[PDB]
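Student:
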Amino acid sequence: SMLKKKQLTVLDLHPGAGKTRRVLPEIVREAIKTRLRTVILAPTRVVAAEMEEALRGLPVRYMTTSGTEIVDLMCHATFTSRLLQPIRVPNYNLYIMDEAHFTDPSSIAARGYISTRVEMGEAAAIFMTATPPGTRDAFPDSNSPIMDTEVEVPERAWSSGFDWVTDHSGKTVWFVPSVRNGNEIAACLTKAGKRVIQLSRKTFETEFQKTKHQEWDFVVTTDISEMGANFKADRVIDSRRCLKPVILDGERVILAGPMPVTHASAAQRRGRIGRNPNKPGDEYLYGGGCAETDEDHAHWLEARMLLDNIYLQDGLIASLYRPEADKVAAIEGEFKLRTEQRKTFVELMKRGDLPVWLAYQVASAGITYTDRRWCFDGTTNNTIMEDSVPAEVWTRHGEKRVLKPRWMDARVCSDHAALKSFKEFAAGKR
Ligand SMILES: Nc1ncnc2c1ncn2[C@@H]1O[C@H](COP(=O)(O)OP(=O)(O)O)[C@@H](O)[C@H]1O
Ligand SMILES: [Mn+2]
Numbered sequence: 182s183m184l185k186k187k188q189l190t191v192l193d194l195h196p197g198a199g200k201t202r203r204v205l206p207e208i209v210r211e212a213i214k215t216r217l218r219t220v221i222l223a224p225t226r227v228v229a230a231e232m233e234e235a236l237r238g239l240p241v242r243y244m245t246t253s254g255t256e257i258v259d260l261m262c263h264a265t266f267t268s269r270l271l272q273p274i275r276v277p278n279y280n281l282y283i284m285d286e287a288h289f290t291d292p293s294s295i296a297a298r299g300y301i302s303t304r305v306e307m308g309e310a311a312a313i314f315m316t317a318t319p320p321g322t323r324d325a326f327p328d329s330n331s332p333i334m335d336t337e338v339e340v341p342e343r344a345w346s347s348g349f350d351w352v353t354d355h356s357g358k359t360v361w362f363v364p365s366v367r368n369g370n371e372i373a374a375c376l377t378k379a380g381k382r383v384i385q386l387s388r389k390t391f392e393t394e395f396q397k398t399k400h401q402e403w404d405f406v407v408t409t410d411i412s413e414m415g416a417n418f419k420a421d422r423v424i425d426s427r428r429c430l431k432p433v434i435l436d437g438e439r440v441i442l443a444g445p446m447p448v449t450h451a452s453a454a455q456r457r458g459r460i461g462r463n464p465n466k467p468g469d470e471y472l473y474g475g476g477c478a479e480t481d482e483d484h485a486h487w488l489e490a491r492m493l494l495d496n497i498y499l500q501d502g503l504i505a506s507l508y509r510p511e512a513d514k515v516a517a518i519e520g521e522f523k524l525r526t527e528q529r530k531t532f533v534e535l536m537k538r539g540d541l542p543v544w545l546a547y548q549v550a551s552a553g554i555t556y557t558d559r560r561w562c563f564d565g566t567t568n569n570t571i572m573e574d575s576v577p578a579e580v581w582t583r584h585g586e587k588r589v590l591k592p593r594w595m596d597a598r599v600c601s602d603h604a605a606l607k608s609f610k611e612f613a614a615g616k617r
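The sequence shown runs 182 to 246, 253 to 617 under the deposited numbering.
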């Protein structure tokens with residue numbers, strides 16, 4: 182039983198090798214036999230729901246939101268959200284994180300907490316991913332050979348050219364840098380008669396169900412589909428681009444304009460296809476190169492904001508997982524909030540659905556969750572626009588006010604659904 186060894190192992194078998202569907206159940210059955218207190222961390226509820234079916238026969242308990256006889260299963264974000272709530276930790280001695288490449292703040296924080304527990308000698312851990320931090324190979328092994336081709340990939344709706352895009356009779360997954368860009372690409376495809384499904388973080392649960400059927404031609408998805416999303420596809424079109432949230436001078440979050448993805452992201456996007464060992468010839472068409480410039484990526488600082496507010500024995504604060512710990516301009520403990528503000532901080536993230544950085548600014552200012560005056564009293568440059576006109580909301584006080592938050596985070600108004608959500612928050616609807 183290697184699982185009792187207080188160590189952290191990175192299971193880095195190539196995409197499609199069977200980490201999720203074959204190795205994970207083998208580990209789980211060994212953990213149950215050795216009577217370990219085990220948690221399985223899936224990146225998304227969709228993937229967690231899939232795991233709940235595969236582990237039907239085993240004593241696995243899916244936690245939507253007894254320790255040695257039952258294995259707990261939850262999302263990365265659910266695990267981190269629980270670490271933030273007021274009681275003592277659940278005290279697992281084996282952590283299994285699947286799709287451990289996920290770079291959203293809750294996943295980064297979870298890896299930091301877990302790796303700290305291992306360094307304390309209190310647990311073992313397995314991080315499953317073909318693309319651990321520092322990977323520089325965008326073209327890893329696959330179950331069947333992949334036809335890789337560099338081509339110009341449309342960044343924009345097109346009315347001519349790019350016949351190879353629509354002169355395809357199979358199923359295509361197209362990775363776009365943003366929801367807004369995906370909306371434009373999807374509309375262009377639909378207009379060419381294609382059946383298109385769009386995926387983003389906010390819509391992933393409901394919309395992914397559509398992809399399990401025969402009747403679609405394109406999936407247009409942001410990077411969220413890098414996290415264990417399974418498609419019956421024969422082609423991936425990759426913009427090779429993403430947006431990067433960047434904190435400027437500790438004062439505002441901008442979404443840096445579409446820039447090259449990391450090698451890990453490129454490998455995971457390409458890794459959607461070539462998964463059938465008896466079906467060669469899946470295509471990966473990519474439009475540009477990769478880059479590693481995540482030193483100013485807001486997610487690792489946001490992860491430190493989360494970890495600074497997870498309370499552990501004797502006032503220890505967890506460090507980031509070492510291979511990704513050099514990427515952050517933050518000192519351990521500097522974002523630690525006192526009890527009620529930490530409560531407000533969590534509320535603004537969970538109930539308010541605000542980005543970590545924005546929730547932190549509001550909470551550390553001593554503002555209570557229900558007090559929305561900060562959404563309207565910001566500096567004039569923070570005015571949020573909507574179809575070239577200042578956005579306005581009706582408040583619960585019966586006032587029509589211009590949306591002008593005291594702190595500006597571009598993620599609250601980067602697409603129509605985000606702006607609609609933030610307007611409802613500013614209006615006091617949740
Ligand atoms: N619903 C399914 N039914 C049958 N096979 C599947 C299903 N989903 C995935 N597979 C296949 O199982 C194999 C292992 O996949 P997986 O364990 O997800 O790989 P990894 O986690 O290492 O990327 C792959 O060939 C994949 O195509
Ligand atoms: Mn997997």
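Even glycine gets a Cβ: it sits at the ideal position worked out from N, Cα and C.
1. Measuring alpha carbon to alpha carbon, tell me which residue in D404, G565 and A597 is nearest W544.
2. What is the rounded straight-line gap between the Cα of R203 and the Cα of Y508?
3. Between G238, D483 and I333, which lies nearest to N465 when the distance is taken from Cα to Cα?
4. Let me know if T393 comes out buried or exposed under the rule of 16 or more other beta-carbons within 10 Å of its beta-carbon.
5. According to DSSP, which residues form a beta bridge with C429?
6. Please state if the CB of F522 and the CB of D495 are separated by a distance shorter than 7 Å.
7. Give me the Cα-Cα distance between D285 and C375, rounded to the nearest whole angstrom.
8. Per DSSP, what kind of secondary structure is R560 in: helix, strand or coil?
9. Tell me which residues share the same chain as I301 and place their Cβ nearer than 6 Å to its Cβ, disregarding the 5 neighbours each side in the sequence.
10. Say yes only if the C-beta of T201 is nearer than 6 Å to one or more non-hydrogen atoms of ligand 2, and no if none qualify.
11. Just verifying my parser: in three-state terms, what is the DSSP assignment at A453?
12. Does at least one heavy atom of ligand 1 sit under 6 Å from the Cβ of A229?
13. May I have a chain-ordered list of the beta strand (DSSP E) segments no shorter than 3 residues that lie completely inside the region 351 to 395?
14. Using 6 Å as the cut-off, classify the Cβ of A416 as near or not near the heavy atoms of ligand 1, replying yes or no.
15. Need the endpoints of the beta strand (DSSP E) that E579 sits in, please.
16. For the alpha helix (DSSP H) that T303 lies in, which residues bound it at each end?
17. Once DSSP output is grouped into helix, strand and coil, what is the label at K587?
18. Please work out which residues of its chain come closer than 6 Å, Cβ to Cβ, to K587, disregarding the five sequence neighbours upstream and downstream, and give them in chain order.
19. Assuming the contact rule is C-beta atoms closer than 8 Å, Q455 and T245 should be a hit. Round their C-beta distance to whole Å, please.
20. In chain order, what residues of the same chain lie with their CB nearer than 7 Å to the CB of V448, ignoring the 5 residues before and after it?
21. Is any heavy atom of ligand 1 found at a distance shorter than 6 Å from the C-beta of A198?
22. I372 and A344 look like a contact to me (Cβ under 8 Å); what is the Cβ gap, rounded to whole Å?
23. CB-CB under 8 Å to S331, same chain, minus the five flanking residues each way: which ones, in chain order?
24. Can you check which of these residues, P364, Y471 and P327, is closest to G197 by C-alpha distance?
25. Is it buried or exposed, residue 247, if we count other Cβ atoms within 10 angstroms and call 16 or more buried?
26. What does a CB cutoff of less than 6 Å around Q548 pick up in its chain, not counting 5 residues either side in sequence?
27. How many whole angstroms separate the CB atoms of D425 and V340, which I take to be in contact at a CB cut-off of 8 Å?
Tutor: According to the data block:
1. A597
2. 26 Å
3. It is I333.
4. The residue in question, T393, is exposed, as its Cβ has fewer than 16 Cβ neighbours within 10 Å.
5. Answer by DSSP bridge pairing, in chain order: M446.
6. yes
7. 35 Å
8. DSSP places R560 in helix when its eight states are reduced to three.
9. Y282 and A312
10. yes
11. helix
12. No, the beta carbon of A229 sits no closer than 6 Å to any heavy atom of ligand 1.
13. 359 to 362 and 383 to 386
14. no
15. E579 to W581
16. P292 to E306
17. Correct three-state label for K587: strand.
18. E579 and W581
19. The C-beta separation of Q455 from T245 comes to about 26 Å, leaving the pair out of contact by the 8 Å criterion.
20. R427, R428, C429 and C477
21. yes
22. 7 Å
23. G461, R462, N463, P464, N465, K466, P467, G468 and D469
24. For the residues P364, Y471 and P327, the minimum Cα distance to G197 belongs to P327.
25. Coordinates for residue 247 are simply not present: the residues of the chain run from 246 and resume at 253.
26. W594
27. Contact annotation, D425 with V340: C-beta distance approximately 7 Å; criterion of less than 8 Å satisfied.
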